[PDB]
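One structure below.
Chains as they are written, first to last, in the UniProt record's numbering: chain A, 937 to 1223; chain B, 938 to 1223.
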């Protein structure tokens, strides 16, 4: 049989590797059609973290995450033969993970989309608490339309199956997102710790989101993530909390930030460290 | 899904190919007709047939080794099997491994075979034999006589393994006429050579009586130096052995060579250094 997110599991007798293989298209994964960059369905990078977390189970920690070329679906019927390769643990006990795809029909050359390592060490148990009704009493709520325009300004549009942001708050130094399972997406969930969309939603706000120079049309593509930890599956409703404004590297041209995942009570249960985006014009990005 | 190889998966990362399938009496009823110690077992040469099906003929396969056999203990036993075709190396040879594990118990993987696909295939056959002229100077042999020898090493060929139409024997040479068993016919699927047919080529040598029929202990295929095949087997062909089996007292082995000859008597394949070794039931089926 076959997991909705990972596809088919194959354990390699020779190596002790594990391959998860599936055919990705809008039939299998209609949600991609609602994550549109330059009006092209594209899989956001954090999806591969989601997949890896689904393969190894939580609690888990994933480190040195890199995104190469995006997996995009040019045409309505485009199928990409996709493979997530989970390597056999090394001497330090780390598991290397890599995600490749090639076009189904044409039988093209394999393109890599992601690499990362599963840490040999379970993250240490979450320490940061938060009083949630107090945060929403010292911040100032956002109109979601204001955010939609910012995304549209960098050629990003979130369709019905990506609209997971219930409410947004902003301060001068901090930001907070209230995140839930989009009604359109609900049917597609399959007991994976965190769906690609939900982890993507965590990355949608920073104290200084009005700063991300808009007037060019050029997209900010996720490029690397230092560390991502998750202690348990996401609840039906949770929060994404950013404590400091994004760090802007100039000479190497990247914006980076941190996100704390907080449950219903305001208890931390996951985090994303060093979430880095880089400018990617459509000529370079779309391949 | 190819009936013989199962499902093909090409690895993105390495350029390797995995053929994976569930082996059982349902998928492969013929195994039930190759019984050693009254246990359905896959003959070693099957994995050569599999490899030949993966890469195509003409082809040569070298340094073939058989480890633990794949056997089906119970009538419903399923073993998930994987044939791994490695990406070609510097010399351009492709390493091949066959593993299985129990479908139910999810035990540890057991290896059944390893071999290398040669960088370059055999040259188009030129040499040829006159079959009737060879048969005019060989003593025909009754099949019952052979069935008894196999039974004495705890080997029994059922209807789907009964590929030997006729057998001849001389002092120095042996000859087998081989055809597709009527019970097996429907299972063939365009593979160059079916496990059964390659197995049948190994069933006679000029000195077959000198195989110890005394304790019921089986002679298990252990290694093969080279196996070459130029084209798919015709519906009827011959297996020719030119010299008596070489016996290694010390290593406890018997080894021999088999020439595969078509309907006209033209050679189109061979098996070199086909080695059997004594394998008692306690060691063999465990």
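Even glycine gets a Cβ: it sits at the ideal position worked out from N, Cα and C.
In this structure, how does DSSP classify residue i when only helix, strand and coil are distinguished?
{"i": "residue 1198 of chain B", "result": "strand"}
{"i": "residue 977 of chain A", "result": "strand"}
{"i": "residue 1005 of chain A", "result": "coil"}
{"i": "residue 1096 of chain A", "result": "coil"}
{"i": "residue 1118 of chain A", "result": "coil"}
{"i": "residue 954 of chain A", "result": "strand"}
{"i": "residue 1158 of chain A", "result": "strand"}
{"i": "residue 1046 of chain B", "result": "coil"}
{"i": "residue 1034 of chain B", "result": "strand"}
{"i": "residue 1083 of chain A", "result": "helix"}
{"i": "residue 1077 of chain B", "result": "strand"}
{"i": "residue 1124 of chain B", "result": "helix"}
{"i": "residue 990 of chain B", "result": "helix"}
{"i": "residue 1189 of chain B", "result": "coil"}
{"i": "residue 960 of chain B", "result": "strand"}
{"i": "residue 1221 of chain B", "result": "helix"}
Enumerate in chain order the residues of its own chain whose CB-to-CB distance from residue i is below 6 Å, with the five nearest sequence positions on each side excluded.
{"i": "residue 1182 of chain B", "result": "1142, 1144, 1191, 1193"}
{"i": "residue 1093 of chain A", "result": "972"}
{"i": "residue 1138 of chain A", "result": "1176, 1195"}
{"i": "residue 1077 of chain A", "result": "1105"}
{"i": "residue 1065 of chain B", "result": "1202, 1203"}
Considering Cα atoms alone, identify which of the options is closest to residue i.
{"i": "residue 1177 of chain A", "options": "A/1150, A/1152, A/1209", "result": "A/1209"}
{"i": "residue 1025 of chain A", "options": "A/953, A/1217, A/1100", "result": "A/953"}
{"i": "residue 1106 of chain A", "options": "A/972, A/1041, A/1128, A/1083", "result": "A/1083"}
{"i": "residue 1135 of chain B", "options": "B/1198, B/1020, B/1221, B/1156", "result": "B/1198"}
{"i": "residue 939 of chain A", "options": "A/1207, A/1125, A/1220, A/1148", "result": "A/1125"}
{"i": "residue 1211 of chain B", "options": "B/1091, B/1001, B/1189", "result": "B/1001"}
{"i": "residue 1215 of chain A", "options": "A/1149, A/951, A/1205", "result": "A/1149"}
{"i": "residue 944 of chain B", "options": "B/966, B/1049, B/1042, B/1019", "result": "B/1019"}
{"i": "residue 1188 of chain A", "options": "A/1196, A/1175, A/1166, A/1213", "result": "A/1213"}
{"i": "residue 1088 of chain A", "options": "A/1222, A/974, A/991", "result": "A/974"}
{"i": "residue 1021 of chain B", "options": "A/1034, A/948, A/1060, A/1007", "result": "A/948"}
{"i": "residue 941 of chain B", "options": "B/998, B/1123, B/1157, B/1158", "result": "B/1123"}
{"i": "residue 1095 of chain A", "options": "A/937, A/1060, A/962, A/970", "result": "A/970"}
{"i": "residue 1205 of chain B", "options": "B/1160, B/1079, B/1062, B/1044", "result": "B/1062"}
{"i": "residue 1153 of chain B", "options": "B/1012, B/1086, B/1058, B/1110", "result": "B/1086"}
{"i": "residue 1040 of chain A", "options": "A/1033, A/991, A/1010, A/1119", "result": "A/1010"}
{"i": "residue 989 of chain B", "options": "B/976, B/1055, B/1036, B/1037", "result": "B/1055"}
{"i": "residue 1023 of chain B", "options": "B/1121, B/1070, B/1103, B/951", "result": "B/951"}
{"i": "residue 1165 of chain A", "options": "A/993, A/964, A/978", "result": "A/993"}
{"i": "residue 1079 of chain B", "options": "B/1103, B/1099, B/1072", "result": "B/1103"}
{"i": "residue 1223 of chain B", "options": "B/976, B/968, B/964", "result": "B/976"}
{"i": "residue 1157 of chain B", "options": "B/986, B/1108, B/1220", "result": "B/1220"}
{"i": "residue 1147 of chain B", "options": "B/1013, B/1119, B/1108", "result": "B/1108"}
{"i": "residue 1034 of chain B", "options": "B/1016, B/1003, B/1057, B/1015", "result": "B/1003"}
{"i": "residue 1160 of chain A", "options": "A/1057, A/1073, A/1031, A/999", "result": "A/999"}
Looking at chain B, is there any beta carbon in it that lies within less than 9 Å of the beta carbon of residue i?
{"i": "residue 960 of chain A", "result": "no"}
{"i": "residue 983 of chain A", "result": "no"}
{"i": "residue 1016 of chain A", "result": "no"}
{"i": "residue 1019 of chain A", "result": "yes"}
{"i": "residue 939 of chain A", "result": "no"}
{"i": "residue 1036 of chain A", "result": "yes"}
{"i": "residue 950 of chain A", "result": "yes"}
{"i": "residue 946 of chain A", "result": "yes"}
{"i": "residue 1115 of chain A", "result": "no"}
{"i": "residue 1135 of chain A", "result": "no"}
Are the C-beta atoms of residue i and some chain A residue less than 9 Å apart?
{"i": "residue 1053 of chain B", "result": "no"}
{"i": "residue 1103 of chain B", "result": "no"}
{"i": "residue 1204 of chain B", "result": "no"}
{"i": "residue 1180 of chain B", "result": "no"}
{"i": "residue 1008 of chain B", "result": "no"}
{"i": "residue 942 of chain B", "result": "no"}
{"i": "residue 1048 of chain B", "result": "yes"}
{"i": "residue 1041 of chain B", "result": "no"}
{"i": "residue 979 of chain B", "result": "no"}
{"i": "residue 1001 of chain B", "result": "no"}
{"i": "residue 971 of chain B", "result": "no"}
{"i": "residue 955 of chain B", "result": "yes"}
Since I believe residue j is in contact with residue i (beta carbons under 8 Å), could you give me their beta-carbon distance rounded to a whole number of angstroms?
{"i": "residue 1132 of chain B", "j": "residue 982 of chain B", "result": "7 Å"}
{"i": "residue 966 of chain A", "j": "residue 1097 of chain A", "result": "7 Å"}
{"i": "residue 1217 of chain A", "j": "residue 1169 of chain A", "result": "About 37 Å separates the two Cβ atoms, so there is no contact after all."}
{"i": "residue 958 of chain B", "j": "residue 1005 of chain B", "result": "That belief does not hold up - the Cβ atoms of residue 958 of chain B and residue 1005 of chain B are roughly 18 Å apart, past 8 Å."}
{"i": "residue 1155 of chain A", "j": "residue 1090 of chain A", "result": "5 Å"}
{"i": "residue 1113 of chain A", "j": "residue 1101 of chain A", "result": "6 Å"}
{"i": "residue 1059 of chain A", "j": "residue 997 of chain A", "result": "4 Å"}
{"i": "residue 1007 of chain A", "j": "residue 979 of chain A", "result": "4 Å"}
Residues in the same chain with beta-carbon distance under 7 Å from residue i, minus the five sequence neighbours each way, listed in chain order, please.
{"i": "residue 1045 of chain A", "result": "1038"}
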